[PDB]
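Q: Chains as they are written, first to last, in the authors' numbering: chain L, 1 to 210; chain H, 1 to 216.
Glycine included, C-beta positions come from ideal geometry on N, C-alpha and C.
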Amino acid sequence: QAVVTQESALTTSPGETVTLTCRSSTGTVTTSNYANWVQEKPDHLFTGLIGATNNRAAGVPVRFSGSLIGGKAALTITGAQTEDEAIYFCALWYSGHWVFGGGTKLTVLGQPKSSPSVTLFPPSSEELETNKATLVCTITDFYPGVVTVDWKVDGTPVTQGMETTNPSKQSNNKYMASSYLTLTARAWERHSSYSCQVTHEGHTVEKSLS
Amino acid sequence: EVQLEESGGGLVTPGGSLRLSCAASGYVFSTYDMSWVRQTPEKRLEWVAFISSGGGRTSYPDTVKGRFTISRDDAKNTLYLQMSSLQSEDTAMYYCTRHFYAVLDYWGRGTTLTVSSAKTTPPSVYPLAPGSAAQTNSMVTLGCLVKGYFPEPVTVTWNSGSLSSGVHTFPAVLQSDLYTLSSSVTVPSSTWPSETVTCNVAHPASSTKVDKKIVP
Ligand SMILES: CO[C@H]1O[C@H](C)[C@@H](NC(=O)[C@H](O)CCO)[C@H](O)[C@@H]1OC
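#1: Could you tell me the distance, in whole angstroms, from the CA atom of H/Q87 to the CA atom of H/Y94?
#2: Output the residues surrounding ligand 1, defined as those with a CB atom closer than 6 Å to any ligand heavy atom, in chain order.
#3: Roughly how many whole angstroms lie between the Cα atoms of L/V147 and L/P116?
#4: Quick one: which chain L residues come within Cβ less than 8 Å of H/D105?
#5: Check the Cβ-Cβ distances between H/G131 and every residue of chain L, and say whether any is below 8 Å.
#6: Is there a Cβ of chain L sitting closer than 8 Å to that of H/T111, yes or no?
#7: Who are the Cβ neighbours of H/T13 in its own chain at under 6 Å, not counting the five residues just before and after it?
#8: Relative to the C-alpha of L/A185, which candidate in L/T31, L/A133, L/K152, L/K113 has its C-alpha closest?
#9: Opposite H/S59 in the DSSP bridges: which residues?
#10: How about L/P14 and L/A80: do their beta carbons lie closer than 8 Å?
#11: Assign H/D90 to buried or exposed, taking buried as 16 or more other Cβ atoms, counted over all protein chains shown, within 10 Å of its Cβ.
#12: Is there a C-beta anywhere in chain L that falls below 8 Å from the one on H/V64?
#13: Going along chain H, which residues have a C-beta under 8 Å from L/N36?
#14: Do you know whose CA, among H/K76, H/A92, H/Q82, H/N77, lies nearest H/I70's CA?
#15: Are H/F68 and H/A49 touching if we call contact CB-CB under 8 Å?
#16: Quick one, are the C-beta atoms of H/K43 and L/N166 less than 8 Å apart?
#17: To which residues does DSSP link H/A92 through a beta bridge?
#18: Kindly indicate which residue of H/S59, H/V2, H/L45, H/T121 has the alpha-carbon position closest to the one of H/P204.
#19: On the criterion of 16 or more Cβ atoms from any shown chain inside 10 Å, does residue 211 of chain L qualify as buried, or is it exposed?
#20: For the putative contact between H/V140 and H/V187, defined by C-beta atoms under 8 Å, what is the C-beta separation to the nearest angstrom?
#21: Looking at the strands, I want to know which residues DSSP matches up with H/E6.
#22: Using alpha carbons as the reference points, say which of H/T31, H/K65, H/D105 lies closest to L/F46.
#23: Please list the terminal residues of the continuous alpha helix (DSSP H) segment that includes L/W93.
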């Protein structure tokens, strides 16, 4: 069946006009796909915004609109507002089946950009005793909510044994995330350098341990 | 005031069965077509079942075809999802939605389904101490690595609730069928290590509690 794809993330500022798109792998979106746009806000709260390509639901602010553009469905927000920072999913109807896209994380700059505060922790003596070693890299206070984390052991990029959480919203509306590097206590004793690199808005913050 | 309320989820084991309910109120439930959709732990939305006004048409994606069965009871305003042969990829939050003239406008609050063969397991708690006198600032950040528990959740407090500004407790990750999560606190450099900072971890499913003292 179809694969539906949407922009992963967009950043806009309040008062501007943003457009999000939704494409089918099938080829071309049409009116008989009844494209829908569903908003997701914090605490897993879903609200249908637009359905049947361009029909707006009741109570949805007028600045949201749907249309078909170049073979794709689109949602435009004219006058994006601060409460619009949220995740937007599109769903395409395939004669009885709904198929959803991956969702776009839309940021609406509601505060100055803030660089991540990064802290890298060594495995503790007590976990070493169990023959395992967890490196924890904590990243907080970042805005916008998208980061990239890379690990290096002795200068070589790590390609397995790592797991990063999805950015989650803090009390102050900045975001946070965690990353873990899981080794064996032998492995931890065989390498000298460990580095956690966090890439946010074109800048790299790195924290290393020997 | 349109309201959709799901329930019936909880923990089951692979191969198990379960019926979720979606109770509606505030509108004429029999006129509209309805769908169930789930949100996975990776945060994707997947459509799972559809039933039309009247119940004559139902339809499902191939991954649940033959296993799930949607049905509706108009007399009670309630939509059902009969689940059998559950598998661990069925673990998700399930939501009912209504088709309001092809607009998916109202969504329920959702009910959690965890499908796992893991047994109830208390966490091990390890300390996260800077591991350097290179203390960036006059603020020092410490933590607790809460590893290997099942199922969720766990609650973390610091110094029994007395230390509450600057605490970040991260979402949990699934490492080998069990959960792991971390919590950190940033305190003024003159506090630690002069004063004691302990993370207090409570795990309600196993009725267990662990208190870990963070030392240099
Ligand atoms: C033609 O089928 C589509 O478009 C139809 C209009 C929808 N029918 C309804 O939405 C409603 O339940 C109509 C009230 O009876 C149906 O769910 C579907 O939505 C994508």
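A: Put simply:
#1: As a first step, residue 87 of chain H is located in the second sequence; it is residue number 87 there, counting from the start. As a first step, residue 94 of chain H is located in the second sequence; it is residue number 94 there, counting from the start. Using only the alpha carbons, I get a separation of about 15 Å.
#2: L/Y34, L/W93, H/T31, H/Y32, H/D33, H/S53, H/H99, H/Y101, H/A102
#3: Here residue 147 of chain L refers to the residue found at position 147 of the first sequence. Here residue 116 of chain L refers to the residue found at position 116 of the first sequence. The alpha-carbon atoms of L/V147 and L/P116 are separated by roughly 9 Å.
#4: In the second sequence, counting from the first residue as 1, residue 105 of chain H sits at position 105. Neighbours of H/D105 on chain L, chain order: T47, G48, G51, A57, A58.
#5: Start at 1 with the first residue of the second sequence, and residue 131 of chain H comes out as number 131. Yes, contact with chain L.
#6: Stepping through the second sequence from its first residue, residue 111 of chain H is reached at position 111. Not an interface residue.
#7: Here the question's residue 13 of chain H lines up with position 13 in the second sequence. Cβ neighbours of H/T13 beyond the five flanking positions: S117.
#8: Here residue 185 of chain L refers to the residue found at position 185 when the first sequence is read from its first residue. It is L/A133 whose Cα lies nearest to the Cα of L/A185.
#9: Locating residue 59 of chain H in the second sequence gives position 59, where the first residue counts as 1. Its beta-bridge partners are H/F50.
#10: In the first sequence, counting from the first residue as 1, residue 14 of chain L sits at position 14. In the first sequence, counting from the first residue as 1, residue 80 of chain L sits at position 80. In contact: L/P14 and L/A80 (Cβ atoms closer than 8 Å).
#11: For the purposes of this step, residue 90 of chain H is identified with residue 90 of the second sequence, where counting begins at 1. Flag for H/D90 reads buried.
#12: Counting from 1 along the second sequence, the entry for residue 64 of chain H is found at position 64. H/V64 does not count as touching chain L.
#13: Numbered from 1 along the first sequence, position 36 holds the residue referred to as residue 36 of chain L. Simply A102, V103, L104.
#14: For this step, residue 70 of chain H is matched to residue 70 along the second sequence. Minimum Cα distance to H/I70 is reached at H/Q82.
#15: For the purposes of this step, residue 68 of chain H is taken as the residue at position 68 of the second sequence. For the purposes of this step, residue 49 of chain H is taken as the residue at position 49 of the second sequence. It is a contact, given that the beta carbons lie within the stated cut-off.
#16: Along the second sequence, read from residue 1 onward, the residue named residue 43 of chain H stands at position 43. Along the first sequence, read from residue 1 onward, the residue named residue 166 of chain L stands at position 166. Yes.
#17: Along the second sequence, one-based indexing puts residue 92 of chain H at 92. Beta-bridge pairing links H/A92 to H/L113.
#18: By 1-based counting over the second sequence, the position of residue 204 of chain H is 204. Residue H/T121 is the option with its Cα nearest to H/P204.
#19: Nothing about residue 211 of chain L can be read from this structure; chain L reaches only from 1 to 210.
#20: Numbered from 1 along the second sequence, position 140 holds the residue referred to as residue 140 of chain H. Numbered from 1 along the second sequence, position 187 holds the residue referred to as residue 187 of chain H. Sure, about 6 Å apart at Cβ, within 8 Å.
#21: Looking up residue 6 of chain H in the second sequence gives position 6. In DSSP, H/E6 forms a bridge with H/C22.
#22: Start at 1 with the first residue of the first sequence, and residue 46 of chain L comes out as number 46. For the residues H/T31, H/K65, H/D105, the minimum Cα distance to L/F46 belongs to H/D105.
#23: The count along the first sequence starts at 1 and reaches residue 93 of chain L at position 93. From DSSP, L/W93 is part of no alpha helix (DSSP H) but of the beta strand (DSSP E) over 86-94.
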